[PDB]
Amino acid sequence: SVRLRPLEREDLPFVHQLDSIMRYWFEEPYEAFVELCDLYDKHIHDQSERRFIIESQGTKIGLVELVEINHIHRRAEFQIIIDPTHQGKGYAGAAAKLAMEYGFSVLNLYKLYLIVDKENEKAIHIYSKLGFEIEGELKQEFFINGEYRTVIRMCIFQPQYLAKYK
Amino acid sequence: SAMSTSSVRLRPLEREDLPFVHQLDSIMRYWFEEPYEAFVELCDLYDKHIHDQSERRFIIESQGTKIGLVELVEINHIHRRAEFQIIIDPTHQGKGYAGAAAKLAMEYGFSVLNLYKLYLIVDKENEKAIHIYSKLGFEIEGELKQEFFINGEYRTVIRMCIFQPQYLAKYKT
Amino acid sequence: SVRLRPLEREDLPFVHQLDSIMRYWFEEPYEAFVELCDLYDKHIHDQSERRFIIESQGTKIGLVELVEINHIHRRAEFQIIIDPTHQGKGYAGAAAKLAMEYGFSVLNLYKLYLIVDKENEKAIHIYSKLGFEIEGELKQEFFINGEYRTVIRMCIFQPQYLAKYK
Amino acid sequence: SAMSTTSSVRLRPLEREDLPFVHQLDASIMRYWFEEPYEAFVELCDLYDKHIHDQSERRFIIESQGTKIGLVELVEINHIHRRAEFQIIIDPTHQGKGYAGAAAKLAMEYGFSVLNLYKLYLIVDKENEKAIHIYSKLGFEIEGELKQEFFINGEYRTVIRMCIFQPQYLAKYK
Amino acid sequence: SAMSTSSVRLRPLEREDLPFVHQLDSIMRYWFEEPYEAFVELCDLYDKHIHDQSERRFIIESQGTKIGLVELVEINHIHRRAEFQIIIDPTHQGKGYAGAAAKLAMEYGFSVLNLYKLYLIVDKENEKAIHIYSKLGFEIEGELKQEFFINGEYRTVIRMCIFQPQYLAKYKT
Amino acid sequence: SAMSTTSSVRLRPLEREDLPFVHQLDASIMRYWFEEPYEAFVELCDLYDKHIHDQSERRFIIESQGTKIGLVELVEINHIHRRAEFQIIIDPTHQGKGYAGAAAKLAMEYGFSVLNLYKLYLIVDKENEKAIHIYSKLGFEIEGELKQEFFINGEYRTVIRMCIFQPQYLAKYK
Amino acid sequence: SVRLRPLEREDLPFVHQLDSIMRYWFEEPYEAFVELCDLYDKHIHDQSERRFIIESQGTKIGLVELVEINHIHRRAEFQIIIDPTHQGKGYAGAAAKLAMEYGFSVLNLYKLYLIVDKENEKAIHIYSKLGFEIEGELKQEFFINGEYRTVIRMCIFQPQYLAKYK
Amino acid sequence: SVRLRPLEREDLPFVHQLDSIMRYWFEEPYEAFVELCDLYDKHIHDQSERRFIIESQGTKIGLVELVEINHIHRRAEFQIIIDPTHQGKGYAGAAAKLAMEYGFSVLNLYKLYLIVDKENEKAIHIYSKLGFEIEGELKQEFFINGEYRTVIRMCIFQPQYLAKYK
Ligand SMILES: [K+]
Ligand SMILES: [K+]
């Protein structure tokens, strides 16, 4: 009984404290909370990204971000961030399921994909069990904490989903 | 060099290049990740984004005439990468301009912008472009499945990349 | 060898003279040319409607309007207007084919539909031969020239199109 | 290990609510926000609002044990040339405890490991041998001497420009 | 120093100092060469001119309480000069604050602003101020005749000046 | 005297109609207008409008015999510290004729005698011995060497900073 | 020991309640308090009119208005309004003296004038004793409470003032 | 038969070419013509300065600038600039007379003053003959062409003028 609800202004302090590492709101960087607030106001009607607070038993446990929503090509990227204090309880996989529900059954998308660090085998395994296939290995794609990291792109499609989970 | 495609250069895109840009193509086109069809839309977006350094464009010209466009997009200086696309006017295809311009795009990204990685996306069935980029030193990193709906069907694309070390070796001994 | 190209500001005088009867630009009425110009400027980046000049042998012969584009429900309405001087040559059906091509193969829509007067059997027949089924009869839906007219809504879907014309 | 000696000095992104702290870190010496001068608090606030999305400067409050002890400013961030200047200001009430050097290390970590810069540099008064020595021990080499470059308190002062590069850092601190 | 007027300093004017400013005085007063009477007018002008460096203001404070104002106006860095005025709250007159503050104003103009000349204007019949400024090293440069209409009559003013050499001598051995 | 040899090289204030000339003085090296980058002509025009009353930079067309031969840029004008950087650009078609040195003299005249500055300085590539020599003969002393300070054409270049002061000028050229 | 001080926003409620009869702020009419506030904001730096609260023993007793200030011709009109609860105590004449002081000794004007109803002999007498001569009788110049009223214009000049009161 | 007329936008190119030395429009510096144009637009209704083209026989021969107009203290500074090609013909003194006429007889000022270089005895003599007395010697008041110059302030008053020239 984990669910998604739309991000609201009053959720930003929660968002700000989920993490040193660049964060992006509508492809625009922010560090300070004030910067995040300003960007949140500036992009309020932009449908190219959508965000949801993940909540269980009324407490806020993480964030879902769909970004690069494109309805002509019918795809979006998604990212799940779980509050460090609620990690290791399979909320990530529960929320990934909800993100899939939303993208395929409300937004009418054909493809969802995601990016994870090559060395995050735990997440790679979770996404493989949910039905995601690996489509790409982006080499040295992000400079993080002094070193270039490699990421795996993974994807799933709307027919295989509206079968296996519907 | 002397008896050959020799005089190809790049210059910064200017407002008066837009009619040329508009006529290089059926297919959604994007200016700073914003769609346009009409020329008027393209003009408006061009004005709106004039100081944004996240994309940079160059007209390819040879013998004084405009023959194509280079687009570097998603320029990110923290990760030190960019995507690029070379578009050759259909009337100037088959004269080796794509590869000539690709070399100039690489020069610019690695030697002026100080990037570490450049990459590009091409249709899996664009063997001509795939071959050109393999000869220039690009390795294949990714096959993005059914990533674009074009002319009624989902197409698959190849992502290809080259890094600033392999470039400042292979073209800078 | 009839084709579609995107409407440009310089096409508005042509648009204005294709017709006494209310005309709409982004669901906003206009009569005078100046009103049409102003609305054209005001809505330039709005993707909820798209327009194309139909041209053959370099001369302008009509207009295609897709309106109420919705990418979540994946549909749009379309209207073909042929210049009175180029009617009776089957440009309407040629342009309807191009509108179908565009909506289904570029925009990735699932359903296109259109509205025609119940008494326009000639147009109803053309659209039936192109594969459109009748979905509705909207009774007394428009007051035109002193009387309430009834319209037929007709639709076609993207799988039957990407078979029969692809 | 349990038996280390370690400081809990850290850096966090500057916020609007940090400005009163910033303002009172120094009427006597011109201070600049995005290369624009300010004296009054009101002027600082206005400039802070005006420059909020500009990435050419980045600021961090230095804090230890949860209290605010200073400010780090990286300015003239240029990602094509891959460099930045930095300035450390330590609150006068927390001077003499090696926080400057501790914060300089954190500034280096951030510039080289987050921002992906190749060169960091700083400016100090030629007569500040204590600071010059600290920066020499952290790995900074002297690159030059800007003569009579600032009029401060009635006299033209000379400054030393010191620098460290991304290779010498990802060696000496890894 | 110990048993004396000792703790006088200058700090930058802030918005919350304006009520104090407004009540230091019959006489037109100017903020960035623009007149005001009402407090509301002063507030509005204060906002309107916040980043203008052609004037700079400091509250004079002693023992933590606000005792006056320093105004440097017509700051010109090409000619390297400024005019200044010291205003002491009437309730803190007769304690040597004017001369203490004048010294601080001189310090600021010559040692922080890098000015070559500071000058001031006082009524010809303000012998008290004339005397203080003569002792601080100011020479008389000008007698401006009937230069201000004040309280029904045309008053004559003395312009006085000191230069950056005579200052960084007399107060900086 | 009638029998002098003299150039009619002068400086006049940059105008909007000079921008096409400016634009074509150099796709290969980043150029800056009020510390803001531009490549396209349109971008240059926009920045020119946006900064028209800003006195922190001043520009002059160098002209001789009524034709435009180059540009002088004084940048980072600071009147509290009483200094400015300057850059001379000579049109490639008018190089090798000592206009750089002639224009540098005019730039000095203007900075010291109109702007009332105490220090002027400039930056040149360490490997440009020809320019270094010219500036040494005009009275500029070397103040330092900024190491690997610019990424240009695939490599990190080192620059020399050179300076002259208002006393040494109002001696040597009066 | 009655004095003048500059009108401030917080004096407007007092102003509004000193009076059915049109009132003007910078030659613009108002009835409601909100209208007065808006006009007060709109005209804050306009030196063509100046206003002063008349106060005695710290309580607000009336208003002085100088209007049509013209510094080339060196004149202004003034009006004294006394709160009805403080009338009949010669505050009007005390305030008129202060208005004269201000106009002639601070503003450097050459002529001040005022308008009063022809039938207000009490005010006419006060102003005659202060040195004002009658310059004009404006016939049927104001419609007030159903009838056209006639007004007397009265004036005094700066030399006769800087003699007789200085 | 030299006269004054109000400065107009179309006079700016003439103004720009009368002169290396800082010039001011409403106390704001300009060098380029574009800067002068922009400032001219920005200050069009500001009465604190007024400018007049001096013209004789229909050709433009110079400029009069009244600046720091203050109507409470009833004074202004003025500057005469004569085009170098029309110097040495006593247009300066003719224009100074017109500036006096305007300031005292139209603007109703009490005092006009001017600033000239101490070493410009020719101008000092002209102004002494017109009735100006020296009021001040401002020492090292302007840095010009590498050196600090000293200026003489000179003034004349409205009663002595409306006698001697009226
Ligand atoms: K700087
Ligand atoms: K700089």
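Method of determination for the deposited model, per the PDB record: X-ray crystallography, at 2.5 Å resolution.

Under the PDB entry, chain A has the name Spermidine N1-acetyltransferase and belongs to Yersinia pestis. For the record of chain A, the UniProt heading Sequence similarities (unreviewed entry) holds the text "Belongs to the acetyltransferase family." What UniProt states about chain A under its Subcellular location (unreviewed entry) heading is, verbatim, "Cytoplasm".

Chain D goes by Spermidine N1-acetyltransferase in the PDB entry, where it is assigned to Yersinia pestis. Under the Sequence similarities (unreviewed entry) heading, UniProt states for chain D: "Belongs to the acetyltransferase family." In its Subcellular location (unreviewed entry) section, the UniProt entry covering chain D states "Cytoplasm".

Peer 1: So, the interface of chain H and chain F: which residues are in play, and what are the values?
Peer 2: Each side of the interface is counted separately: chain H has 17 residues, and chain F has 18 residues. Across the chain H to chain F interface the summed buried area is about 1400 Å²; carbon plus sulfur atoms make up 54%. On the chain H side of the contact with chain F, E31, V34 and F143 of chain H bury the most area, a combined 37% of that side's loss. The interface formed by chain H and chain F contains 1 salt bridge. Put simply, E31 of chain H and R58 of chain F hold a salt bridge, and the shortest N to O gap is 2.7 Å. At the surface where chain H touches chain F, the tally comes to 7 residue pairs in polar contact. Those elements giving two or more residues to the side of chain H that touches chain F turn out to be helix 2 (33-42) and strand 8 (133-144) of chain H.

Peer 1: Lay out the pattern of salt bridges with the relevant residues and their values.
Peer 2: Residue and element names in this part refer to chain A. Enumeration according to the criterion identifies 146 salt bridges over all chains in this entry. In this structure, the salt-bridge partner of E49 is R51, at a minimum N-O distance of 2.8 Å. Where salt bridges share partners, they join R3, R5, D11, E55 and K60 into one cluster.

Peer 1: Report on the packing of aromatic side chains, specifying residues and quantitative values.
Peer 2: Applying the stated criterion across every chain, the model contains 86 aromatic pairs over all chains. Both rings, one in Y110 of chain A and one in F157 of chain A, keep their centres 5.4 Å apart while their planes meet at 55°; by these two values the pair is tilted. With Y110 of chain A in the loop between helix 3 (91-106) and strand 7 (111-117) and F157 of chain A in strand 9 (residues 147-157), this residue pair connects regions lying 47 residues apart in the sequence. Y110 of chain A gets classed as buried once you look at its relative accessible area, which sits at 13%. With centroids separated by 4.3 Å and ring planes inclined at 15°, the aromatic side chains of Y148 of chain A and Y116 of chain B adopt a geometry described as stacked. With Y148 of chain A in strand 9 and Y116 of chain B in the loop between helix 3 (97-112) and strand 7 (117-123), the pair connects residues from two separate chains. Taken as a pair, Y148 of chain A and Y116 of chain B share a single burial class, namely buried. Among the aromatic residues, ring-to-ring pairing joins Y110 and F157 of chain A together with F149 and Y154 of chain B into one connected group. A cation over a ring is seen here: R153 of chain A above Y113 of chain A, with NZ or CZ 3.7 Å from the ring centre.

Peer 1: Account for the coordination of the potassium ion (ligand 2), with residues named and values stated.
Peer 2: Bound to the potassium ion (ligand 2) are the protein donor atoms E76 of chain D (OE), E35 of chain F (OE) and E76 of chain F (OE), situated 2.6 to 3.2 Å from the metal. Here the potassium ion (ligand 2) and the potassium ion (ligand 1) are spaced 3.3 Å apart, linked through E76 of chain D, which binds each one. On the criterion of sequence distance, the pair formed by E35 of chain F in the loop between strand 2 (31-33) and strand 3 (36-38) and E76 of chain F in strand 5 (residues 67-78) is long-range, its members being 41 residues apart.

Peer 1: Can you tell me about the packing of helix 3 (residues 91-106) of chain G against helix 4 (residues 121-130) of chain G, naming the residues and giving the values?
Peer 2: Residues and elements named next belong to chain G. It is the contact of helix 3 with helix 4, at a shortest axis distance of 11 Å, that shows an interaxial angle of 45°. Classified by the angle between their axes, helix 3 and helix 4 sit oblique to one another. The element helix 3 and its partner helix 4 pack so that their crossing is right-handed. Taking contact as the criterion, the partners of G93, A96, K97 and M100 in helix 3 are, on helix 4, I126, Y127 and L130. Of the residues contributing to the contact of helix 3 with helix 4, the split by class is 5 nonpolar, 1 polar and 1 charged.

Peer 1: Can you explain the side chain of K111 of chain C? Please cite residues and give values.
Peer 2: Residues and elements named next belong to chain C. With respect to the helices and strands, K111 occurs in strand 7 (residues 111-117). A polar contact of 2.9 Å, which involves the side chain of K111, links it to the side chain of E135. Here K111 is in contact with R74, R75, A76, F104, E135, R153, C155, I156 and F157, once residues within four sequence places are set aside.

Peer 1: Account for the UniProt feature "binding site: Ca(2+)" (unreviewed entry) in chain D, naming residues and giving values.
Peer 2: In this structure's numbering, the residues bearing the UniProt feature "binding site: Ca(2+)" (unreviewed entry) are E35 and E76 of chain D. In summary, the annotated positions, though distributed over 42 residues, converge in three dimensions, the widest C-alpha pair being only 9.3 Å. For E35 of chain D, the residues in contact, after removing those within four places along its chain, are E57 and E76 of chain D together with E35 of chain F. The class for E76 of chain D is partly exposed, based on a relative accessible area of 31%. Apart from the residues within four sequence positions on either side, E76 of chain D is in contact with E35, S56, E57, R83, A84 and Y121 of chain D together with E76 of chain F.

Parameters and conventions
Residues numbered from 1 in each chain as written, not as in the entry; some residues may be left out. Chains lettered and ligands numbered in written order. Part of a larger assembly, values for the part shown. Heavy atoms only, no water. UniProt positions renumbered as here; feature names shortened; annotations may be inferred. Contact = heavy atoms within 4.5 Å. Buried area = accessible area lost by both parts, 1.4 Å probe. Salt bridge = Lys/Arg side-chain N within 4 Å of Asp/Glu carboxyl O. Polar contact = N/O pair within 3.5 Å; in protein donor to acceptor, adjacent residues only side chain to side chain. Helix = DSSP H or I, 4+ residues; strand = E, 2+ residues; numbered from the N terminus. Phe/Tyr/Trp six-rings, centres within 6.5 Å; stacked < 30°, edge-to-face > 60°. Buried < 20%, exposed > 50% of the residue type's maximum accessible area, 1.4 Å probe, protein only. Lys NZ or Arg CZ within 6 Å of the ring centre and 35° of its normal. Donors = N, O, S within 2.8 Å, 3.2 Å for Na, K, Ca; no water. Axes fitted to C-alpha atoms, helices over the stretch in contact; angles between N-to-C directions. Parallel < 35°, antiparallel > 145°, perpendicular 65-115°, else oblique. Left-handed = near helix turned anticlockwise from the far one by under 90°. Nonpolar A, V, L, I, M, F, W, Y, C, P; charged D, E, K, R; others polar.

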